[PDB]
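Trainee: Just dropping this structure here.
All Cβ positions, even for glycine, are placed from backbone atoms using ideal geometry, and neighbour counts span all protein chains on display. Numbers and lists here come from the model and the stated rules, or from a named source; these are not laboratory values.
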Amino acid sequence: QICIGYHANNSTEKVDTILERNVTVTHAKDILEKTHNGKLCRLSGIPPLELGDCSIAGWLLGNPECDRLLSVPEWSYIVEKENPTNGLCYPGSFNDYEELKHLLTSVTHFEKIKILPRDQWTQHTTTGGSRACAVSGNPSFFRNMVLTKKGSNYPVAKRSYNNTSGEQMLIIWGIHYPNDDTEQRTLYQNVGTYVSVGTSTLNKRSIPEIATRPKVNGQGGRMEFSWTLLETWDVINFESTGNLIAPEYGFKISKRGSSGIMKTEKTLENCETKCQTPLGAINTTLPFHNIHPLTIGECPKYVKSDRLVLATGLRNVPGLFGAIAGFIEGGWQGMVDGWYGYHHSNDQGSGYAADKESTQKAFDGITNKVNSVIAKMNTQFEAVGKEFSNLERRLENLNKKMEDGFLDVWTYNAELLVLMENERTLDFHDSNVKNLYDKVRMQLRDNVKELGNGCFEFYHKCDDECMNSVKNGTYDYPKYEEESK
Amino acid sequence: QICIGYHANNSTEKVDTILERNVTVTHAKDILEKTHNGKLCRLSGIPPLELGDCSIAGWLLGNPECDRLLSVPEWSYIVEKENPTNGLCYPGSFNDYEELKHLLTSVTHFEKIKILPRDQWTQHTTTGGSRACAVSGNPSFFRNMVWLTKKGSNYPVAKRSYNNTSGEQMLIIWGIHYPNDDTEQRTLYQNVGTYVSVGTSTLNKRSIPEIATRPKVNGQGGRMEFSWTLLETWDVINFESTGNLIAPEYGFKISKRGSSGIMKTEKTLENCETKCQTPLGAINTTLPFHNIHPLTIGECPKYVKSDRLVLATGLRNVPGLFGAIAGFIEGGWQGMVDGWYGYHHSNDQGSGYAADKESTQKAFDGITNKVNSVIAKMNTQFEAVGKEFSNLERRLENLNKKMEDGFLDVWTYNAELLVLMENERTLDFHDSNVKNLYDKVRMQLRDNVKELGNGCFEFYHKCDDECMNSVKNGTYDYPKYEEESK
Amino acid sequence: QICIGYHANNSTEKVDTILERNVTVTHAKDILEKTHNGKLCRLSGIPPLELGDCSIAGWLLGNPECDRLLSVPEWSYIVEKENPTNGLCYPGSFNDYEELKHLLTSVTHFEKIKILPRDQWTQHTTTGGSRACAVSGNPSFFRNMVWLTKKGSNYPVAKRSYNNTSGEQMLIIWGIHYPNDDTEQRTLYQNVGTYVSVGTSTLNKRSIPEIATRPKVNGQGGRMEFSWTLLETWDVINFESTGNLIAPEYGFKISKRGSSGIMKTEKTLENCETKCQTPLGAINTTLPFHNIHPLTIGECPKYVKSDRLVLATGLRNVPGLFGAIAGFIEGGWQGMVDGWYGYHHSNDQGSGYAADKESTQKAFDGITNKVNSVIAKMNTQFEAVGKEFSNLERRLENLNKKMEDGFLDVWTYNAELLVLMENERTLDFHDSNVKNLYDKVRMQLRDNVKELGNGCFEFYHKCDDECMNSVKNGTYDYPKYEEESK
């Protein structure tokens, strides 16, 4: 007597197929990454620029509260809080702010630099400040910026700078808008004033826009800031009959690519990732994750699913080809060196001897299958999160529509892929078993009786060198023309 | 004798698989929604704002042709004609108009409030009108706006402000008048160095009028340029003008849960209901895909180019991979009406169609799950689709088109091929079930019967309607029947 | 002795499947397109507008370095160098430049009309040139524009209008001069508080000169800022200026079906044809995928990040899921070469390879259908891909990149996996056909023959060449042969 059977264990893994729900399997691999390390990490060896709770504006202008900052020279992304507490301490706006932020997203090198020393505004006053930028508790001001009437005269202010730093330079300036026509004279004299900033490509003229306005930080005045990139060996010319907030500093900047701003309170911790999320770093080979939509790095595809379990083992019992949970009605707790095997009753012994020849071919197959799903996923570096001003609602909605479209696609394809490939894994094991059965039947024939539950009853004395020959697929039919039938 | 077979009926239902086109199948399920109710509907309980043929601009400003309009306080989308006829009766433009429309697209609450009553403009003339906005047939003007003009030979500094104590964020619109020429200016406003000033916490604006000759539109050379802002709560707006100010009299309390879309159509609201509206009519369906119209609003099936997505659910109809169906069992049985697979038996007593409950149920279950899988894994958030762009945003509109199309192509391909591949396996599943049933009998009878030819066993012994039973229900006893009429 | 067999050959063609790698297969089809004809072509009958090394701005304005440019009236897409040498020869900017280029990407129809002859500017000087725009080697200027300057010590109000009676929509470009300083302003235009004012029915613009010191570009400190409009049919455009106006002489009649793209390339038009163009060359193909280059224009296969997409069409080549191929029948027969599956017979006469036409044909049909399903379900509208963004639209450009990459990821994955999955199934399909063939023979014989093992039956009786043909072609009486050597 020699039986064919398959492995069963005490596993409680459930997988789903297109055809069945909650099916207990023998072994399974989840292909959805759901763990992060809870740390904010460096991206490929380079840290993020951490803005504490300053805004980029607050930092670049030199809000006094951003004094204790610590500017690294490199950074691979930016950490900003959702709503930072120290931005424009003096009330105002920042032209093309979102574009400036996108630019400074990632930097190869970034160095502040003095380019228009304040002391050389010989003909103007340079010490104007405000209680809005107060330092317990005197008027102060953006530390990176500087002009008001000297005596009762505001002459044309006209300085320029040639970028000899050998790097592209960021440069910011501003224009002030007083409360009313008097404040405008008490500060600048003349009333038809302008601010002129020009480079080889930049060319801009601003005039004061005066309106009655509620106080913000105790101020009715406003300041509007603009910025340009000054190419190397180019010069920038300032000219103003009043209202100019001048830079004292510029910033050298080089860029390789781009990146993103990550909203979070977390702090740099000193580990390493190829992939960051506002929850923690992700370290995975898997093609999918459900940690958080707003990643930066080379990430697994984000999916709405919360389980993607591939079956790797076979159905687990105490399908398509009629053997497993079929004509062979149960699994063997006892066979534990393979997936499919033999069980002999002999004069000598009995008799669990798993089939290596075939269990092997299955390990490879199911190995290849899992690796196909994982290894085909192309993953470039992306930043996901983005920024839009409140007059860019449509454009923000376009972006949401796009991210949501891909999310639906990947979720659906990942769910259906798992379902289909599970139907096919189980049928695979079922056919492996049916084929082992048929490989024995096609050897024995007359020499054995088929019982019905996967058994062969031997018509002739068989012994250990006999089975050990069926197993190895080398049993000679001639040698046993006993016909006890 | 006992025989194994499968169900057949009078179906003409055709499906396609990866391998064969035009296969006749026993039962099937179209998974493509193709029909609508042709009505224009209320979306999850909430009506659309219906503009008739005003534009949002005309409506907000109070174009007098928009008088009959019927304003509602809630609304879930907007119905506008492609080319509305009553917009800005006095010619002009609306700054960031598309952003303003997008804003108004969906609203949890919306209420007009009188914030700057006309009467309190004591020092100016208020009855200022125009033949461009005439009310049969006297000059009028937008009913929500105030055209400040000189009173006597004077136009003093016009200076008013409003603190938003309304409890909600408030939309405010104002305008500045661009006259046709110096004489229109003087007769309207006396002064000449004029300007309009508007300031809030975050808003800061000073506009100066541009006198200049322009072609006439609705008989006007002048132009009016409108701007808007959202006034936050407990914030104040300050207006100051020496002329050319078109003042609001009203502001709009607005609250927004989320965002929606403007649906361009001729149809009108009709008192039905949906989770999904299109310009042709509403859609009510579980199906994962539709082909009705790309510009839907709400929770909708995926839109595909395809116009047939039919899932085989029954078997190949014969009045495969495993070789039973249309194979070694040559055809199906019209006779068997209560199951997918079963037995034919020939007895000294009777004959003889008995359905195989057990395995027919395995299949009713599997195929139920397969359909539910295809349908229920489909993630359907609420979306708007339709989008608005100015004539100077062609590239942006084209970006959106490239995106909507990219997705159309993806969903189309994936659904078409999903259907094809899952059809090939559905058939082969039924095939497998029939072959395993045949084998369950063969392994059970062994010598006691002869394998006949086409799914048939001839017993080498007498078998009554009790013995048959043991076969059909798996309990056949071999040992008992050692008759070898062999 | 009858034997069931299957085709084998000298093919070294390799495929991958979900389950195995580097499987040698009998025949294969690549469904990934990678050849291009290296030519730059015309698109469905219509040529590209070829800019040489001008920029569109340069061309429209009439840069002297574009005189010899050859303008067709129609064009279907534009060819520009990634970086042209001849644009604004006199320094400045072009408002809404990317919008303009996108509008001119593809055109019906496009001719240049003379709307405002220079000599009708009688109160002004018209010949103003510049060294920046020089013609070997005197001072010239954009051939299509007029630089209005003072006559003697006077600059009267410059004021003309033009009614678009051309019958087509009309493109019109104007400019404003930004001088280096007050004295340059005065020697050119006399007056100081100048403005340029342009108005149509819908356009309404007023510019003031920005006099200020700038670095020198092309030897010039001044700048010119150009703007553009589309003048609708029968509408008029008013020009009014007190100085600094760069007037147009010409306007461009324009008509458009739809939109296209700009192709950045060095190549030049080469007199052929495509439905699909890339910067490396044209593509002629039926295949659904290509990996030639992402920036295509026309109706194109899907661009994939992969470089082999090989579908098995033939069978596992042996010099499966159903146990037959490289299973209980261990080798393929080099011998039989008129079918995929068939028989070998041990006889007294011949012996012996006989194809099974009927089964082989049902497999050619199936696999032919599989390949066609994969290729023919791929929908391809016409798209341009390549896009254009000013350097203050980095966010918007990144949005476009996140979009193209996203589709690229989706298509590459689905395609790679499609191929792998359909390959595992193609192989199992052949395996099943062999197996079923074998089982067709077995269920026919029975008692009559001996199941040997490697797919062979040993006969219990004489079977002469004509007996065989009853097995092979599936009509063979069992009755006849009661000869029991057993």
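Trainee: Sort through A:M377, A:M335 and tell me the only one that's surrounded by 17 or more Cβ atoms within 10 Å (Cβ to Cβ) and closer than 22 Å to A:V23 by Cβ. Step through it out loud before you land on a result.
Mentor: Working: A:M377 fails: closer than 22 Å to A:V23 by Cβ.
After ruling out the rest, the residue left standing is A:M335.
Trainee: OK, next. Taking only pairs six or more apart or across chains, which ones have beta-carbon atoms under 7 Å, a first residue in the stretch A:29-43 that is assigned to a loop (DSSP other than H, G, I, E, B), and a second residue that is among the acidic types (D, E)?
Mentor: A:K39/A:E269
Trainee: Please state which one of A:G473, A:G452 is within 9 Å of another protein chain (Cβ to nearest Cβ), outside any helix (DSSP H, G or I) and farther than 30 Å from B:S106 by Cα.
Mentor: Working: A:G473 fails: within 9 Å of another protein chain (Cβ to nearest Cβ).
Testing whether each residue is within 9 Å of another protein chain (Cβ to nearest Cβ), outside any helix (DSSP H, G or I) and farther than 30 Å from B:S106 by Cα leaves just A:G452.
Trainee: In this structure, does A:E357 turn out to be away from chain C (no Cβ under 12 Å), surrounded by fewer than 20 Cβ atoms within 10 Å (Cβ to Cβ), of a type in the set (D, E) and under 29 Å from C:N423 (Cβ atoms)?
Mentor: yes
Trainee: Kindly indicate which of B:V236, B:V217 is among the aliphatic types (A, V, I, L, M) and away from chain A (no Cβ under 14 Å).
Mentor: Working: B:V236 fails: away from chain A (no Cβ under 14 Å).
The unique qualifying residue is B:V217.
Trainee: What number of residues within the stretch C:1-34 satisfy the criterion of being touching a strand residue (DSSP E or B) at 6+ places or on another chain (Cβ under 9 Å), assigned to a loop (DSSP other than H, G, I, E, B) and over 22 Å from A:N432 (Cα atoms)? Spell out how you get there, then give the answer.
Mentor: Start the filter on the stretch C:1-34 by keeping residues that are touching a strand residue (DSSP E or B) at 6+ places or on another chain (Cβ under 9 Å), which leaves C:1-8, C:11-17, C:21-34.
If we keep only those that are assigned to a loop (DSSP other than H, G, I, E, B) as well, we get C:1, C:8, C:11-13, C:16-17, C:21-22, C:26-27, C:31, C:34.
Filter again for over 22 Å from A:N432 (Cα atoms), leaving C:1, C:8, C:11-13, C:26-27, C:31, C:34.
Going through the stretch C:1-34 one residue at a time, the tally reaches 9.
Trainee: Another question about this same structure. A:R131 - would you say it is under 17 Å from A:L88 (Cβ atoms) and assigned to a loop (DSSP other than H, G, I, E, B)?
Mentor: Numbers: under 17 Å from A:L88 (Cβ atoms): yes; assigned to a loop (DSSP other than H, G, I, E, B): no.
When the stated conditions are applied, A:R131 does not pass them.
Trainee: Now, a different point. Out of B:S390, B:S359, which single residue is more than 8 Å from every other protein chain (Cβ to nearest Cβ) and either surrounded by 14 or more Cβ atoms within 10 Å (Cβ to Cβ) or in contact with a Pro (Cβ under 8 Å, 6 or more places away or on another chain) (or both)? Before the answer, list the steps.
Mentor: Details: B:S390 fails: either surrounded by 14 or more Cβ atoms within 10 Å (Cβ to Cβ) or in contact with a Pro (Cβ under 8 Å, 6 or more places away or on another chain) (or both).
The conditions single out B:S359.
Trainee: Considering only the stretch A:168-177, how many residues are part of a loop (DSSP other than H, G, I, E, B) and buried (at least 19 other Cβ atoms within 10 Å of the Cβ)? Before the answer, list the steps.
Mentor: We begin by selecting, within the stretch A:168-177, every residue part of a loop (DSSP other than H, G, I, E, B); these are A:168.
Add one more test, that the residue is buried (at least 19 other Cβ atoms within 10 Å of the Cβ), and what stays is none.
Residues that pass the stated criteria total 0.
Trainee: Condition first: under 23 Å from the mean Cα position of the chain (by Cα), over 19 Å from A:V370 (Cβ atoms) and facing chain C (nearest Cβ under 10 Å). Now tell me which residues in the stretch A:402-438 satisfy that.
Mentor: A:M402, A:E403, A:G405, A:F406, A:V409
Trainee: Still on this structure, please answer the following. Scan the stretch A:271-282 and tell me whether some residue there is of a type in the set (V, I, T), assigned to a loop (DSSP other than H, G, I, E, B), in contact with a helix residue (DSSP H, G or I) (Cβ under 9 Å, 6 or more places away or on another chain) and over 22 Å from A:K114 (Cα atoms).
Mentor: First, the residues of the stretch A:271-282 that are of a type in the set (V, I, T): A:273, A:277, A:282.
Then drop every residue that is not assigned to a loop (DSSP other than H, G, I, E, B), which leaves A:277, A:282.
Next, only the ones that are in contact with a helix residue (DSSP H, G or I) (Cβ under 9 Å, 6 or more places away or on another chain) stay: none.
Among the residues of the stretch A:271-282, not one is of a type in the set (V, I, T), assigned to a loop (DSSP other than H, G, I, E, B), in contact with a helix residue (DSSP H, G or I) (Cβ under 9 Å, 6 or more places away or on another chain) and over 22 Å from A:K114 (Cα atoms), which makes the answer no.
Trainee: Looking only at residues in the stretch C:417-469 that are more than 56 Å from the chain's Cα centre (by Cα) and in a helix (DSSP H, G or I), which one is nearest to A:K434 (Cα to Cα)? Steps first, answer last, please.
Mentor: Filtering the stretch C:417-469 for residues more than 56 Å from the chain's Cα centre (by Cα) gives C:444-452, C:457-468.
Within this subset, residues satisfying the condition of being in a helix (DSSP H, G or I) are C:444, C:465-468.
On the way: C:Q444: 23, C:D465: 35, C:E466: 36, C:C467: 33, C:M468: 31 Å.
The qualifying residue nearest to A:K434 (Cα to Cα) is C:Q444.
Trainee: Then there is this: Given the conditions (1) on the phi > 0 side of the Ramachandran plot; (2) crowded, with 17+ Cβ neighbours inside 10 Å, report the number of the one that B:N144 does not fulfil.
Mentor: (1)
Trainee: Something else about it: Before we move on, is B:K302 under 24 Å from B:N369 (Cα atoms), basic (K, R) and within 18 Å of the chain's Cα centre (by Cα)? Before you say what the answer is, go through the steps one by one.
Mentor: On the way: under 24 Å from B:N369 (Cα atoms): yes; basic (K, R): yes; within 18 Å of the chain's Cα centre (by Cα): yes.
Answer is yes for this residue.
Trainee: Would you pick out the residues in the stretch C:442-486 that are among the small types (G, A, S) and either touching a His at 6+ places or on another chain (Cβ under 8 Å) or not assigned by CATH to the domain that holds C:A324 (or both)?
Mentor: Of the residues in the stretch C:442-486, the ones among the small types (G, A, S) are C:453, C:455, C:470, C:474, C:485.
C:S485 - this is the single residue of the stretch C:442-486 that is among the small types (G, A, S) and either touching a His at 6+ places or on another chain (Cβ under 8 Å) or not assigned by CATH to the domain that holds C:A324 (or both).
Trainee: Out of the residues in the stretch C:92-110 that are within 22 Å of the chain's Cα centre (by Cα) and not in a loop (DSSP other than H, G, I, E, B), state the one that is farthest from the other protein chains (Cβ to nearest Cβ). Walk me through how you get there before you give the answer.
Mentor: Applying the first criterion (within 22 Å of the chain's Cα centre (by Cα)) to the stretch C:92-110 yields C:98-99, C:101-108.
Checking which are not in a loop (DSSP other than H, G, I, E, B) leaves us with C:98-99, C:101-103.
Numbers: C:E98: 6, C:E99: 5, C:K101: 9, C:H102: 5, C:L103: 6 Å.
Ranking the candidates gives C:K101 first.
Trainee: Tell me, which strands (runs of 3 or more DSSP E) wholly within the stretch A:188-254 include 3 or more residues that are more than 12 Å from chain B (Cβ to nearest Cβ) and not aliphatic (A, V, I, L, M)?
Mentor: Numbers: elements: A:195-198, A:203-206, A:222-230, A:235-240, A:249-254.
In the stretch A:188-254, A:203-206, A:222-230, A:235-240, A:249-254 are the strands (runs of 3 or more DSSP E) which contain 3 or more residues that are more than 12 Å from chain B (Cβ to nearest Cβ) and not aliphatic (A, V, I, L, M).
Trainee: May I ask you to list the residues in the stretch B:231-254 that are out of contact with any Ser or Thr (no Cβ under 6 Å at 6 or more places or on another chain) and surrounded by fewer than 19 Cβ atoms within 10 Å (Cβ to Cβ)?
Mentor: Residues satisfying the conditions are B:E232, B:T233, B:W234, B:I254.
Trainee: Consider A:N162 against the criteria (1) away from chain B (no Cβ under 14 Å); (2) out of contact with any strand residue (DSSP E or B) (no Cβ under 8 Å at 6 or more places or on another chain); (3) polar (S, T, N, Q): it satisfies all of them except one. Which criterion is unmet?
Mentor: If we test A:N162 against (1) away from chain B (no Cβ under 14 Å); (2) out of contact with any strand residue (DSSP E or B) (no Cβ under 8 Å at 6 or more places or on another chain); (3) polar (S, T, N, Q), just (2) comes out false.
Trainee: Can you name the residue in the stretch C:396-441 that is more than 10 Å from chain B (Cβ to nearest Cβ) and of a type in the set (K, R) and, of all such residues, is surrounded by the most Cβ atoms within 10 Å (Cβ to Cβ)?
Mentor: Applying the filter and picking the extreme gives C:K402.
Trainee: Just checking, does the stretch C:298-308 include any residue being surrounded by 19 or more Cβ atoms within 10 Å (Cβ to Cβ), more than 12 Å from every other protein chain (Cβ to nearest Cβ) and at negative phi?
Mentor: From the stretch C:298-308, those surrounded by 19 or more Cβ atoms within 10 Å (Cβ to Cβ) are C:298, C:300-304; that's our starting set.
Imposing the further condition that a residue be more than 12 Å from every other protein chain (Cβ to nearest Cβ) reduces the set to C:298.
Of the ones still in play, those that are also at negative phi are none.
Checked the stretch C:298-308: no residue is surrounded by 19 or more Cβ atoms within 10 Å (Cβ to Cβ), more than 12 Å from every other protein chain (Cβ to nearest Cβ) and at negative phi.
Trainee: Turning to a different aspect of this structure: Being surrounded by 21 or more Cβ atoms within 10 Å (Cβ to Cβ) and over 30 Å from C:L116 (Cβ atoms) is the filter here, so list the residues in the stretch C:261-280 that pass it. Break it down into steps so the answer makes sense when it comes.
Mentor: If we filter the stretch C:261-280 for residues that are surrounded by 21 or more Cβ atoms within 10 Å (Cβ to Cβ), which is where we start, we get C:261-263, C:274, C:276-278.
Hits for the stretch C:261-280 are C:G261, C:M263, C:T274, C:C276, C:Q277, C:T278.
Trainee: Counting just the residues of the stretch C:77-91 that are over 20 Å from C:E397 (Cα atoms) and assigned to a loop (DSSP other than H, G, I, E, B), which one comes out nearest to the chain's Cα centre (by Cα)?
Mentor: Only one residue tops the list, namely C:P84.
Trainee: Go through (1) within 14 Å of chain A (Cβ to nearest Cβ); (2) buried (at least 18 other Cβ atoms within 10 Å of the Cβ); (3) outside any strand (DSSP E or B); (4) not basic (K, R) and name the single condition C:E225 misses.
Mentor: (3)
Trainee: Which strands (runs of 3 or more DSSP E) does the stretch C:112-216 wholly contain that include 1 or more residues that are over 19 Å from C:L60 (Cβ atoms) and not aromatic (F, W, Y)?
Mentor: The qualifying strands (runs of 3 or more DSSP E) are C:130-135, C:138-140, C:158-163, C:196-199, C:204-207.
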